[PDB]
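Below you will find one chain, with nothing else, as structure tokens; this is the form deposited in one PDB entry, and questions on how it binds or moves follow later.
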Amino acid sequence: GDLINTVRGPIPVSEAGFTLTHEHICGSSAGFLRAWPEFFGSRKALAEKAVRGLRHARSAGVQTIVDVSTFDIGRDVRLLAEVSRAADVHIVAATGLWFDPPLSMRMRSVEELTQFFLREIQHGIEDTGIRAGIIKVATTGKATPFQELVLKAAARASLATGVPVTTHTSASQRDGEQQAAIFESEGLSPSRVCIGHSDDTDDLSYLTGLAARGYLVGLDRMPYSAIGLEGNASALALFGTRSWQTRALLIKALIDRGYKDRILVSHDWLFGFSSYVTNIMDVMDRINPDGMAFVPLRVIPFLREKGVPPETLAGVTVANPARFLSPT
């Protein structure tokens, strides 16, 4: 009877089922959806699009997503609850800080940040009573001084609550190694940590080094590719030039090296996106019309056809998220 908190309340761990561990309803900024909803057409249009997309994922077998939007990604837990209910897909919300914190966060101490993360896990987000079930943190290269405090505060909040920590990295810069060192300096167990965007690199020395230490490896950008769009500089910079099959081969590469229990798979998809160039959501929807159904529709069959046993795929998509999310 282990439980996880969702935007609709507590659920049994065993009901999470097929879980995408790094997703977003909307990638935005604090206050932005409230102040400028017309950027997304309207709030109603954004919610309707998210409901359609989540229903499509559900039809393809997805039962839960972890929306890793923090305060500074503009997380709107009321929107999450509305779309979760309408689409019948569980959504786990996040606390933490990504790489766009405002001054009122950047000026805070490790102790103050710990209190904020604990508020969102133990009390509730804003005035809603909805509790976060994961802590999201970020570096983009070597940690800034402030990011070091964020990572330490995340470790402290995790140790106090059992909730896991998940990260954004610049994978080509091997950020996960420094992240791990900071977390371990606070006594955090690697089994509570997912080093994300790890499919942005093919450096298996880096990835197996983390997996060997007990970290979860987040292969979470499966549909990201600018192949065919190389003349679009903004798409090229965000999506890269590696195909989805190349990204998916990393799942098999880690399985083949003994690390099936250390893999989490996701898309890093969204239904609105205001923190990048205007039009980016349209580019993305053309790349991947299947949205959050892409992993079950394309990635899982690709792996099965390469010989990965169904039981292993179920372990990656069901058992690993359940172990990760269960407070421990």
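Position 1 is the first residue in the sequence shown; the rest follow in order.
One more form of this protein, deposited with a small molecule bound, exists but is not displayed; see below.
- Using a 4.5 Å heavy atom cutoff, none of 18, 65 and 262 lies near the small molecule in the deposited bound form.
- The closest heavy atom approach of residue 268 to the small molecule in the deposited bound form falls within 4.5 Å.
- In the deposited bound form, at least one heavy atom of residue 238 sits within 4.5 Å of the small molecule.
- Proximity of residue 27 to the small molecule in the deposited bound form: non-hydrogen atoms within 4.5 Å are present.
- Although the partner is absent from this view, residue 98 contacts the small molecule in the deposited bound form, with a non-hydrogen atom inside 4.5 angstroms.
- Heavy atoms within 4.5 Å of the small molecule in the deposited bound form map, among the stretches 122-130, 154-162, 250-258, 218-226, onto 218-226 alone.
- Residue 73 is the only one of 134, 210, 73, 91 with a heavy atom lying within 4.5 Å of the small molecule in the deposited bound form.
- Taking a 4.5 Å heavy atom cutoff to the small molecule in the deposited bound form, the contact residue among 32, 294, 273, 302 is 273.
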